[PDB]
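part one of the assembly, not moved from where it sits:
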Amino acid sequence: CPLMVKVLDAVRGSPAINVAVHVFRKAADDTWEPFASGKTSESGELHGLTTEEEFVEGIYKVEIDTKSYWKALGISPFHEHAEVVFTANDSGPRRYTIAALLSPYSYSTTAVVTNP
Amino acid sequence: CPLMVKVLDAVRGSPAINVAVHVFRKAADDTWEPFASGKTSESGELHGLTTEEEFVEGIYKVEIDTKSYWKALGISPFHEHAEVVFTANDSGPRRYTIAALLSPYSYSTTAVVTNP
Amino acid sequence: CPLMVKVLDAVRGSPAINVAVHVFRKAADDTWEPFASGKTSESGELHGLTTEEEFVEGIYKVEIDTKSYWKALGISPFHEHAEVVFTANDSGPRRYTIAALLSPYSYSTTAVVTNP
């Protein structure tokens, strides 16, 4: 998978299930173009967002809809979303896992980047 | 001080000094309007961004220019910047501290929301 | 796997490979008895520490040897290790993934707990 997202709930010690994720790519005119979206599975993972061909060089924004997740669980959280912005593939194709750990007033995010 | 930002460096175990921070407020047309900005001090803190009168309820984005910070230290970073997007709510406590802990491929952020 | 450990390097954006991990279980006399040990693979994962039969109720300490990891990479870090202490299996068997994210002066740790 060239781009995978994994999300964990720090209150429950579980995968964060059914979290909406939107990926954007910065366009030539500096706007954020919709690139891919999906929602995390029962494992907290989102696979299948893109393909090697379509995941070209660029600046990407992964927007994890944390508010919609907490509100569905009946919780009022602090953040609107968690947003990971990075340049991808600029020295050739890489595989990226974007991981996030969610609490109502906090989040942590990291990237695992590998060369196939 | 209704809004403060504090930034640490997890690689050096030190405040993150001279990091640019931009705060935006979401406008009615969903665009991000500049609201306040500054650079973190020797203590990693940015005070004086706004006033009680100016800081009304709404959605704010705090963008921390982490890429330039790491580059100035000679370290290769993953993110373009760190973003913190949140709603200010008058129903809650009245002082917001946005804290961030920076590593080259990760970051953590939390909100400390208190009343004097 | 009843107990798995995963470790990630926040400076490199990679698995943390060849990290030594020692698990202890608190004995009747309140000392920490050696329970299992191993080291993370190329994927940053440590499987095979224990079995369902041998992983009984108790208070466990997972000690991740972060200093030895950083020093092997030629880095002087702050912590001696990262230490995760928790009661396991006290309402019947569970599966535990202990995750850690390492920086030279920081670390983060979370648990994914599932019921088989």
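Perfect, thanks for sending it. Residues are numbered from 1 along each chain as shown, chains lettered A, B, ... in the order given.

need the contact list for residue A:37.
A:20-23, A:49 (CB atoms under 8 Å, 6 or more residues apart in numbering or on different chains). Quick note: C-beta positions are derived from backbone N, CA and C, even for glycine.

is stretch A:20-33 positioned near chain B?
No: judged by CB under 8 Å from any CB of the partner chain, stretch A:20-33 makes no contact with chain B; its nearest approach is 9.1 Å.

residues contacting that stretch, please?
A:3, A:5, A:7, A:34-40, A:46, A:49-50, A:58-65, A:68-69.

would you mark the buried spots in it?
Neighbour counts over stretch A:20-33 (16 or more other CB atoms under 10 Å in any protein chain shown) mark A:20-26, A:32 as buried.

export these as JSON lines, with columns for secondary structure.
Formatted as JSON lines, those follow (DSSP: H, G, I helix; E, B strand; the rest coil):
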{"residue": "A:20", "secondary structure": "strand"}
{"residue": "A:21", "secondary structure": "strand"}
{"residue": "A:22", "secondary structure": "strand"}
{"residue": "A:23", "secondary structure": "strand"}
{"residue": "A:24", "secondary structure": "strand"}
{"residue": "A:25", "secondary structure": "strand"}
{"residue": "A:26", "secondary structure": "strand"}
{"residue": "A:32", "secondary structure": "strand"}
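
can you tell me the strand partners of the helix or strand hosting residue A:102 and which way each runs?
Using DSSP states H and E, residue A:102 falls within strand A:95-103. Next to strand A:95-103 in the sheet, as set by DSSP bridges, lie strand A:3-9 (parallel), strand A:106-114 (antiparallel).

pretty sure residue A:10 sits against residue A:100.
No: with contact defined as CB atoms under 8 Å, residue A:10 does not reach residue A:100; the gap is 9.9 Å.

re the thing from before, any idea which of the strands paired with strand A:95-103 is most buried?
Most buried of these, by mean neighbour count (mean count of other CB atoms under 10 Å in any protein chain shown): strand A:3-9, with a mean of 22.

CA atoms only: put that strand into PDB for me.
What follows is strand A:3-9, C-alpha atoms only, in PDB (Å, rounded to 0.1, in the frame of the first residue of the first chain):
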ATOM      1  CA  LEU A   3      -0.500   5.200   1.600                       C
ATOM      2  CA  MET A   4      -2.100   3.700   4.700                       C
ATOM      3  CA  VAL A   5      -3.700   5.300   7.800                       C
ATOM      4  CA  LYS A   6      -3.900   3.800  11.200                       C
ATOM      5  CA  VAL A   7      -5.800   5.300  14.100                       C
ATOM      6  CA  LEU A   8      -6.000   4.300  17.800                       C
ATOM      7  CA  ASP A   9      -8.300   5.500  20.600                       C
END
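
please slot chain D in as well:
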Amino acid sequence: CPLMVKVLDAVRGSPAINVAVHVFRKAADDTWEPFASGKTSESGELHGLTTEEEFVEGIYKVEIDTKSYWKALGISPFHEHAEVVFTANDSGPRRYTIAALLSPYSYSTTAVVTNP
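That brings us to chain D, laid onto the chains above:
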């Protein structure tokens, strides 16, 4: 103040108040000898643990009684406590702040090590 501890709650976005903190120093026989202790204040901070004269180089353990904190708030926690084990080094800066961010199934810790 050569050693300070600050603790936040990631669920409430607030200092972690009245959390017990115990500091130990490693003795020659590898046992942990009590060194200092206290409870975090209304600001989540614990000052006055030691003095420059008492705080010599060595290995220290800071144990934060997170389980009791969460229980007092009616929240089910994973960890027995959070531990931070580190070496004090005179070669480095002279003031240590040990910071921790608490969630029920996770915690993060960092060191802010500075000179006056």
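
distance between the strand holding residue A:102 and the chain's centre?
Computed by CA atoms, centre = their mean, to the nearest Å, the chain-centroid distance of strand A:95-103 equals 6 Å.

likewise for stretch A:60-77?
Chain-centre distance of stretch A:60-77: 12 Å, with CA atoms, centre = their mean.

in contact with residue A:55, which residues are there?
Applying CB under 8 Å, 6+ apart, we find residue A:55 in contact with A:2-3, A:88-89, A:93.

okay, the residue nearest to residue A:59 when sequence neighbours are not counted and residue A:72: tell me how far apart.
With sequence-adjacent residues excluded and distances taken as CB to CB, 6 or more residues apart in numbering or on different chains, residue A:59 is closest to residue A:26, at 4.2 Å. As for residue A:26, its distance to residue A:72 is 30 Å (criterion: CB to CB, to the nearest Å).

what does residue A:7 give?
13 Å.

can you report how many residues lie near residue A:45?
As a burial measure, residue A:45 scores 18 neighbours (other CB atoms under 10 Å in any protein chain shown).

contacts only, for it.
Going by CB under 8 Å, 6+ apart, residue A:45 touches A:4-6, A:15.

spatially central residue for chain A, please.
Taking CA atoms, centre = their mean as the criterion, residue A:62 is the residue nearest the geometric centre of chain A, at 4.3 Å.

that residue pairs with what?
Residue A:62 forms beta bridges with residue A:23, residue A:84, as assigned by DSSP bridges.

check contacts around it.
Contact analysis of residue A:62 by CB under 8 Å, 6+ apart lists A:5, A:21-23, A:83-85, A:98.

try it again at 10 Å.
Residues in contact with residue A:62 (CB atoms under 10 Å, 6 or more residues apart in numbering or on different chains) are A:3, A:5, A:21-24, A:35-37, A:46, A:49, A:81-86, A:96, A:98, A:100, A:109, A:111.

same deal with residue A:44?
Contacts were defined as CB under 10 Å, 6+ apart; by that measure residue A:44 touches A:5-9, A:14-19, A:99-100, C:112.

check residue A:106 too.
Residue A:106 makes contacts with A:10, A:77-79, A:82, B:99, B:108-112, D:8-11, D:13, D:101-103, D:106, D:108, as judged by CB under 10 Å, 6+ apart.

for residue A:97, which non-adjacent residue is spatially closest?
Nearest non-adjacent residue to residue A:97, counting by CB to CB, 6+ apart: residue A:112, 4.1 Å away.
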